[PDB]
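What follows is model02.cif (mmCIF, C-alpha atoms and all ligand atoms).
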```cif
data_upload
#
loop_
_atom_site.group_PDB
_atom_site.id
_atom_site.type_symbol
_atom_site.label_atom_id
_atom_site.label_comp_id
_atom_site.auth_asym_id
_atom_site.auth_seq_id
_atom_site.Cartn_x
_atom_site.Cartn_y
_atom_site.Cartn_z
ATOM 1 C CA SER F 7 0.000 0.000 0.000
ATOM 2 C CA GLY F 8 1.183 3.602 -0.629
ATOM 3 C CA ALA F 9 0.638 6.873 -2.517
ATOM 4 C CA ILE F 10 2.541 9.927 -3.892
ATOM 5 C CA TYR F 11 1.091 13.237 -2.608
ATOM 6 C CA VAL F 12 2.391 15.823 -5.184
ATOM 7 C CA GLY F 13 0.259 18.989 -4.763
ATOM 8 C CA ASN F 14 -3.531 18.327 -4.781
ATOM 9 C CA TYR F 15 -2.885 14.950 -6.599
ATOM 10 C CA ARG F 16 -2.734 11.454 -4.963
ATOM 11 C CA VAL F 17 -0.749 8.948 -7.150
ATOM 12 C CA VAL F 18 -1.628 5.249 -6.404
ATOM 13 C CA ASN F 19 -1.405 1.767 -8.015
ATOM 14 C CA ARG F 20 -4.638 1.581 -10.151
ATOM 15 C CA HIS F 21 -5.238 -1.966 -8.656
ATOM 16 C CA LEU F 22 -5.207 -0.453 -5.099
ATOM 17 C CA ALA F 23 -7.289 2.664 -5.971
ATOM 18 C CA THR F 24 -10.315 3.255 -3.671
ATOM 19 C CA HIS F 25 -13.946 4.245 -4.629
ATOM 20 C CA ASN F 26 -12.902 7.797 -3.497
ATOM 21 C CA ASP F 27 -9.947 7.728 -5.998
ATOM 22 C CA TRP F 28 -12.444 6.838 -8.840
ATOM 23 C CA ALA F 29 -15.064 9.348 -7.495
ATOM 24 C CA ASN F 30 -12.313 12.070 -7.712
ATOM 25 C CA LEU F 31 -10.348 10.646 -10.764
ATOM 26 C CA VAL F 32 -7.953 12.657 -13.073
ATOM 27 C CA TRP F 33 -5.888 10.181 -15.195
ATOM 28 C CA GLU F 34 -5.590 6.340 -15.162
ATOM 29 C CA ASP F 35 -3.844 3.594 -17.253
ATOM 30 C CA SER F 36 -4.270 -0.242 -16.837
ATOM 31 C CA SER F 37 -1.038 -0.992 -18.846
ATOM 32 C CA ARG F 38 0.971 1.295 -16.419
ATOM 33 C CA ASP F 39 -0.986 0.370 -13.194
ATOM 34 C CA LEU F 40 -1.204 4.165 -12.392
ATOM 35 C CA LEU F 41 -4.215 6.239 -11.198
ATOM 36 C CA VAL F 42 -4.142 9.919 -10.150
ATOM 37 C CA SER F 43 -7.056 11.322 -8.040
ATOM 38 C CA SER F 44 -7.754 14.922 -6.772
ATOM 39 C CA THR F 45 -6.980 16.063 -3.151
ATOM 40 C CA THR F 46 -8.217 18.951 -0.863
ATOM 41 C CA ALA F 47 -4.584 19.862 0.164
ATOM 42 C CA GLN F 48 -1.125 20.241 -1.531
ATOM 43 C CA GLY F 49 1.316 17.384 -0.646
ATOM 44 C CA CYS F 50 4.834 16.972 0.904
ATOM 45 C CA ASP F 51 6.472 14.962 -2.001
ATOM 46 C CA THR F 52 8.285 16.329 -5.143
ATOM 47 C CA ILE F 53 8.658 14.332 -8.447
ATOM 48 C CA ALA F 54 12.024 13.615 -10.187
ATOM 49 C CA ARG F 55 12.589 14.502 -13.902
ATOM 50 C CA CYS F 56 15.814 12.605 -14.853
ATOM 51 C CA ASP F 57 17.293 9.365 -16.378
ATOM 52 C CA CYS F 58 18.777 8.144 -13.004
ATOM 53 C CA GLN F 59 19.133 4.311 -12.877
ATOM 54 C CA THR F 60 19.914 4.353 -9.058
ATOM 55 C CA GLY F 61 18.019 5.292 -5.860
ATOM 56 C CA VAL F 62 16.200 3.842 -2.798
ATOM 57 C CA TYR F 63 12.702 2.273 -2.419
ATOM 58 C CA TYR F 64 10.604 1.393 0.661
ATOM 59 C CA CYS F 65 9.960 -2.390 0.974
ATOM 60 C CA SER F 66 7.027 -2.690 3.461
ATOM 61 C CA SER F 67 7.443 -6.543 3.718
ATOM 62 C CA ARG F 68 10.901 -5.816 5.343
ATOM 63 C CA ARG F 69 10.317 -2.275 6.892
ATOM 64 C CA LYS F 70 13.586 -1.298 5.034
ATOM 65 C CA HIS F 71 14.575 1.300 2.385
ATOM 66 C CA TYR F 72 16.976 -0.632 0.052
ATOM 67 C CA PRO F 73 19.479 1.166 -2.260
ATOM 68 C CA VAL F 74 18.885 -0.180 -5.859
ATOM 69 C CA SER F 75 20.092 0.046 -9.485
ATOM 70 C CA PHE F 76 16.947 -0.046 -11.759
ATOM 71 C CA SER F 77 16.245 -0.197 -15.564
ATOM 72 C CA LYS F 78 14.894 2.774 -17.632
ATOM 73 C CA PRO F 79 11.073 2.917 -18.084
ATOM 74 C CA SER F 80 10.064 0.359 -20.819
ATOM 75 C CA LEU F 81 7.771 -2.670 -21.661
ATOM 76 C CA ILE F 82 8.067 -5.876 -19.464
ATOM 77 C CA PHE F 83 6.088 -9.136 -18.694
ATOM 78 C CA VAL F 84 4.600 -9.841 -15.176
ATOM 79 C CA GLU F 85 3.368 -13.206 -13.696
ATOM 80 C CA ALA F 86 0.016 -14.087 -11.970
ATOM 81 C CA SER F 87 -0.720 -12.173 -8.684
ATOM 82 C CA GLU F 88 -3.789 -11.575 -6.378
ATOM 83 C CA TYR F 89 -4.848 -8.649 -8.690
ATOM 84 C CA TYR F 90 -3.686 -9.211 -12.341
ATOM 85 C CA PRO F 91 -2.857 -12.501 -14.127
ATOM 86 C CA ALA F 92 0.430 -13.119 -16.068
ATOM 87 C CA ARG F 93 0.404 -10.020 -18.393
ATOM 88 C CA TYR F 94 2.667 -7.220 -19.819
ATOM 89 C CA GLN F 95 2.900 -3.750 -18.118
ATOM 90 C CA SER F 96 4.398 -0.567 -19.743
ATOM 91 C CA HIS F 97 6.549 2.400 -18.435
ATOM 92 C CA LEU F 98 7.803 -0.120 -15.794
ATOM 93 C CA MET F 99 11.422 0.019 -14.444
ATOM 94 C CA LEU F 100 12.836 -3.241 -12.842
ATOM 95 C CA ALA F 101 15.538 -3.817 -10.166
ATOM 96 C CA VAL F 102 17.008 -6.677 -8.033
ATOM 97 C CA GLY F 103 15.344 -6.655 -4.565
ATOM 98 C CA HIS F 104 12.545 -8.256 -2.469
ATOM 99 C CA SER F 105 8.959 -7.420 -3.509
ATOM 100 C CA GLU F 106 5.713 -9.327 -2.733
ATOM 101 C CA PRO F 107 2.364 -8.005 -4.144
ATOM 102 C CA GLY F 108 1.602 -5.970 -0.941
ATOM 103 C CA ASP F 109 4.893 -3.982 -1.416
ATOM 104 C CA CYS F 110 2.989 -1.974 -4.149
ATOM 105 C CA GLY F 111 2.779 1.799 -3.333
ATOM 106 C CA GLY F 112 6.246 1.919 -1.675
ATOM 107 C CA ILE F 113 8.101 4.948 -3.091
ATOM 108 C CA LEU F 114 11.276 4.870 -5.160
ATOM 109 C CA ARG F 115 13.458 8.062 -4.909
ATOM 110 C CA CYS F 116 16.723 9.455 -6.460
ATOM 111 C CA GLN F 117 18.504 12.809 -5.715
ATOM 112 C CA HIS F 118 15.855 14.599 -7.941
ATOM 113 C CA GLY F 119 12.870 13.388 -5.739
ATOM 114 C CA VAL F 120 10.231 10.587 -6.331
ATOM 115 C CA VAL F 121 11.020 8.274 -9.361
ATOM 116 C CA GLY F 122 7.913 6.073 -8.954
ATOM 117 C CA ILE F 123 6.173 3.370 -6.895
ATOM 118 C CA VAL F 124 6.355 -0.456 -6.539
ATOM 119 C CA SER F 125 3.877 -2.037 -9.065
ATOM 120 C CA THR F 126 5.383 -5.350 -10.407
ATOM 121 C CA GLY F 127 8.106 -8.009 -9.734
ATOM 122 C CA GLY F 128 8.799 -11.639 -8.669
ATOM 123 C CA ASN F 129 11.820 -14.021 -8.316
ATOM 124 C CA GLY F 130 14.056 -11.509 -6.425
ATOM 125 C CA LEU F 131 12.884 -8.680 -8.769
ATOM 126 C CA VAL F 132 10.838 -5.532 -7.879
ATOM 127 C CA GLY F 133 9.105 -3.411 -10.568
ATOM 128 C CA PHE F 134 8.437 0.342 -10.188
ATOM 129 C CA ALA F 135 5.842 2.348 -12.207
ATOM 130 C CA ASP F 136 7.582 5.461 -13.672
ATOM 131 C CA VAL F 137 5.921 8.860 -12.873
ATOM 132 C CA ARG F 138 8.861 10.931 -14.334
ATOM 133 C CA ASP F 139 7.229 10.901 -17.859
ATOM 134 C CA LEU F 140 4.081 12.519 -16.258
ATOM 135 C CA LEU F 141 5.220 16.213 -16.089
ATOM 136 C CA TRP F 142 1.623 17.611 -15.658
ATOM 137 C CA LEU F 143 1.767 16.393 -11.962
ATOM 138 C CA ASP F 144 3.828 19.556 -11.057
ATOM 139 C CA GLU F 145 1.261 22.169 -12.321
ATOM 140 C CA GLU F 146 -2.518 22.934 -12.865
HETATM 141 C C1 LIG F 201 5.816 -5.812 -6.552
HETATM 142 N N1 LIG F 201 4.954 -6.798 -7.184
HETATM 143 N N2 LIG F 201 3.794 -6.400 -7.805
HETATM 144 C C2 LIG F 201 3.236 -7.516 -8.275
HETATM 145 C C3 LIG F 201 1.962 -7.489 -9.031
HETATM 146 N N3 LIG F 201 1.238 -6.380 -8.935
HETATM 147 O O1 LIG F 201 1.614 -8.466 -9.711
HETATM 148 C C4 LIG F 201 4.037 -8.666 -7.952
HETATM 149 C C5 LIG F 201 3.953 -10.042 -8.154
HETATM 150 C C6 LIG F 201 4.953 -10.867 -7.656
HETATM 151 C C7 LIG F 201 6.029 -10.337 -6.961
HETATM 152 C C8 LIG F 201 6.135 -8.968 -6.755
HETATM 153 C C9 LIG F 201 5.131 -8.147 -7.253
HETATM 154 ZN ZN ZN F 202 17.215 12.101 -9.511
#
```

Show this structure as structure tokens.
Ligand SMILES: Cn1nc(C(N)=O)c2ccccc21
Ligand SMILES: [Zn+2]
Amino acid sequence: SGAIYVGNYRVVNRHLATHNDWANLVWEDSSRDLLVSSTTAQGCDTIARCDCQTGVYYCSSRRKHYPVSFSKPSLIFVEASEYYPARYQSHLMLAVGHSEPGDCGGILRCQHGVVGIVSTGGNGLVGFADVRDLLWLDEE
């Protein structure tokens, strides 16, 4: 579980989005597992714009922030989980590290701020959904 609070926008895993998220929707994408909803207050998190392939993510199923090297945002295949079956997901960066399904929402961060959130993985791999290619999050 976890969200990005960038201004009056809550960024969540689409598969973990609440009735309130859909009742106050902005943008969503099934192939990216990303949903942005509206908020009644500006947030405490800033977004990264960069091509960094290193940072740190929160792994809830360890209560640890792990340093990680991670791929650039691109197309990958995922295996069956509690939410989705074995499918492909886009704009998804991968790294070596522990992730279960419940680790989704945990933030990934580089020097430039928030890179994205846990969304995918398996077999000592963790997959992050990129929010760096969503520049509109900073404004409006
Ligand atoms: C981080 N993570 N997200 C999923 C998913 N949404 O299917 C997954 C599945 C297996 C292992 C790790 C995983
Ligand atoms: Zn950075």

Starting from the displayed file, determine the output of the PyMOL selection byres (((not hetatm)) within 9 of (chain F and resi 201)) and express the residue list as a count of residues only. 32

Using only C-alpha atoms, the best pick from F:140, F:82, F:101, F:120 as closest to residue 10 of chain F would be F:120

Pick from F:118, F:16, F:138, F:78 nearest to ligand ZN 202 (chain F), counting all atoms listed in the file: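 Among the listed residues, the smallest separation from ligand ZN 202 (chain F) belongs to F:118.
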
If we count all atoms listed in the file, what is near residue 26 of chain F at a cut-off of 10 Å, once residues fewer than 3 positions away on the same chain are taken out, given as a VMD selection string? chain F and resid 23 29 to 31 43 to 44

Nearest-residue call for residue 7 of chain F, choices F:22, F:143, F:135, F:116, using only C-alpha atoms: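 Smallest distance to residue 7 of chain F is found for F:22.
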
Picked residues, the PyMOL selection byres (((not hetatm)) within 9 of (chain F and resi 202)), as a PyMOL selection string: chain F and resi 53-61+115-121

Specify as JSON, numbers by chain each residue included when the PyMOL selection byres (((chain F and resi 46) around 10) and not hetatm) is applied to this file. {"F": [13, 14, 15, 44, 45, 47, 48, 49]}

C-alpha atoms of the current selection, written as a compact mmCIF listing (two decimals), keeping the file's coordinate frame:
```
# COMPACT_ATOMS: atom_id res chain seq x y z
CA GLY F 13 0.26 18.99 -4.76
CA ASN F 14 -3.53 18.33 -4.78
CA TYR F 15 -2.88 14.95 -6.60
CA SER F 44 -7.75 14.92 -6.77
CA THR F 45 -6.98 16.06 -3.15
CA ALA F 47 -4.58 19.86 0.16
CA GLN F 48 -1.12 20.24 -1.53
CA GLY F 49 1.32 17.38 -0.65
```

From the structure block, carefully write segment 53-76 of chain F out with N, CA, C and O atoms; format it as an mmCIF file, in the first residue's frame.
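Result saved to out_7.cif:
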```
data_model
loop_
_atom_site.group_PDB
_atom_site.id
_atom_site.type_symbol
_atom_site.label_atom_id
_atom_site.label_comp_id
_atom_site.auth_asym_id
_atom_site.auth_seq_id
_atom_site.Cartn_x
_atom_site.Cartn_y
_atom_site.Cartn_z
ATOM 1 N N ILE F 53 8.404 15.347 -7.382
ATOM 2 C CA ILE F 53 8.658 14.332 -8.447
ATOM 3 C C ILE F 53 10.032 14.601 -9.071
ATOM 4 O O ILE F 53 10.424 15.783 -9.152
ATOM 5 N N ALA F 54 10.731 13.536 -9.480
ATOM 6 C CA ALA F 54 12.024 13.615 -10.187
ATOM 7 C C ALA F 54 11.728 13.711 -11.685
ATOM 8 O O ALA F 54 10.777 13.042 -12.123
ATOM 9 N N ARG F 55 12.474 14.546 -12.416
ATOM 10 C CA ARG F 55 12.589 14.502 -13.902
ATOM 11 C C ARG F 55 14.073 14.270 -14.169
ATOM 12 O O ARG F 55 14.890 15.163 -13.840
ATOM 13 N N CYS F 56 14.415 13.096 -14.710
ATOM 14 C CA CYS F 56 15.814 12.605 -14.853
ATOM 15 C C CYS F 56 15.845 11.222 -15.516
ATOM 16 O O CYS F 56 14.761 10.642 -15.733
ATOM 17 N N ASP F 57 17.050 10.724 -15.818
ATOM 18 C CA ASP F 57 17.293 9.365 -16.378
ATOM 19 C C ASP F 57 18.149 8.554 -15.394
ATOM 20 O O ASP F 57 18.822 7.602 -15.845
ATOM 21 N N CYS F 58 18.108 8.903 -14.100
ATOM 22 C CA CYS F 58 18.777 8.144 -13.004
ATOM 23 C C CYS F 58 18.376 6.674 -13.052
ATOM 24 O O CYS F 58 17.165 6.415 -13.161
ATOM 25 N N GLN F 59 19.360 5.771 -12.978
ATOM 26 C CA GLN F 59 19.133 4.311 -12.877
ATOM 27 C C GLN F 59 19.521 3.830 -11.476
ATOM 28 O O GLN F 59 19.620 2.624 -11.346
ATOM 29 N N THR F 60 19.681 4.721 -10.484
ATOM 30 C CA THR F 60 19.914 4.353 -9.058
ATOM 31 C C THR F 60 19.061 5.198 -8.101
ATOM 32 O O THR F 60 18.836 6.395 -8.374
ATOM 33 N N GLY F 61 18.614 4.584 -7.008
ATOM 34 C CA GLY F 61 18.019 5.292 -5.860
ATOM 35 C C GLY F 61 17.738 4.362 -4.688
ATOM 36 O O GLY F 61 18.576 3.508 -4.376
ATOM 37 N N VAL F 62 16.597 4.553 -4.040
ATOM 38 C CA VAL F 62 16.200 3.842 -2.798
ATOM 39 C C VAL F 62 14.700 3.631 -2.895
ATOM 40 O O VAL F 62 14.071 4.551 -3.333
ATOM 41 N N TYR F 63 14.172 2.480 -2.501
ATOM 42 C CA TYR F 63 12.702 2.273 -2.419
ATOM 43 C C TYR F 63 12.363 1.701 -1.038
ATOM 44 O O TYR F 63 13.206 0.976 -0.441
ATOM 45 N N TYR F 64 11.158 2.016 -0.560
ATOM 46 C CA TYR F 64 10.604 1.393 0.661
ATOM 47 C C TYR F 64 9.975 0.057 0.285
ATOM 48 O O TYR F 64 9.017 0.037 -0.532
ATOM 49 N N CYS F 65 10.440 -0.984 0.979
ATOM 50 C CA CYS F 65 9.960 -2.390 0.974
ATOM 51 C C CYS F 65 9.224 -2.662 2.292
ATOM 52 O O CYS F 65 9.890 -2.881 3.328
ATOM 53 N N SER F 66 7.893 -2.604 2.260
ATOM 54 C CA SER F 66 7.027 -2.690 3.461
ATOM 55 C C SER F 66 7.176 -4.082 4.095
ATOM 56 O O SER F 66 7.169 -4.162 5.331
ATOM 57 N N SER F 67 7.326 -5.128 3.277
ATOM 58 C CA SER F 67 7.443 -6.543 3.718
ATOM 59 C C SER F 67 8.868 -6.827 4.220
ATOM 60 O O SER F 67 9.260 -8.024 4.227
ATOM 61 N N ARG F 68 9.597 -5.767 4.619
ATOM 62 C CA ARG F 68 10.901 -5.816 5.343
ATOM 63 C C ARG F 68 11.053 -4.620 6.296
ATOM 64 O O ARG F 68 11.990 -4.657 7.104
ATOM 65 N N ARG F 69 10.183 -3.599 6.214
ATOM 66 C CA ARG F 69 10.317 -2.275 6.892
ATOM 67 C C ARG F 69 11.727 -1.702 6.673
ATOM 68 O O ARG F 69 12.322 -1.213 7.646
ATOM 69 N N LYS F 70 12.227 -1.756 5.432
ATOM 70 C CA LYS F 70 13.586 -1.298 5.034
ATOM 71 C C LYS F 70 13.497 -0.488 3.737
ATOM 72 O O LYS F 70 12.751 -0.910 2.823
ATOM 73 N N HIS F 71 14.226 0.625 3.663
ATOM 74 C CA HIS F 71 14.575 1.300 2.385
ATOM 75 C C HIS F 71 15.879 0.692 1.872
ATOM 76 O O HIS F 71 16.896 0.832 2.564
ATOM 77 N N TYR F 72 15.823 0.011 0.729
ATOM 78 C CA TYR F 72 16.976 -0.632 0.052
ATOM 79 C C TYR F 72 17.520 0.291 -1.036
ATOM 80 O O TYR F 72 16.757 0.666 -1.914
ATOM 81 N N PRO F 73 18.853 0.543 -1.089
ATOM 82 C CA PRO F 73 19.479 1.166 -2.260
ATOM 83 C C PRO F 73 19.310 0.195 -3.438
ATOM 84 O O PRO F 73 19.314 -1.008 -3.173
ATOM 85 N N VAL F 74 19.082 0.692 -4.661
ATOM 86 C CA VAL F 74 18.885 -0.180 -5.859
ATOM 87 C C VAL F 74 19.360 0.517 -7.129
ATOM 88 O O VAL F 74 19.200 1.727 -7.264
ATOM 89 N N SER F 75 19.932 -0.272 -8.044
ATOM 90 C CA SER F 75 20.092 0.046 -9.485
ATOM 91 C C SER F 75 18.865 -0.499 -10.222
ATOM 92 O O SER F 75 18.516 -1.661 -9.963
ATOM 93 N N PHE F 76 18.214 0.312 -11.065
ATOM 94 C CA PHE F 76 16.947 -0.046 -11.759
ATOM 95 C C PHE F 76 17.006 0.374 -13.233
ATOM 96 O O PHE F 76 17.636 1.401 -13.551
#
```
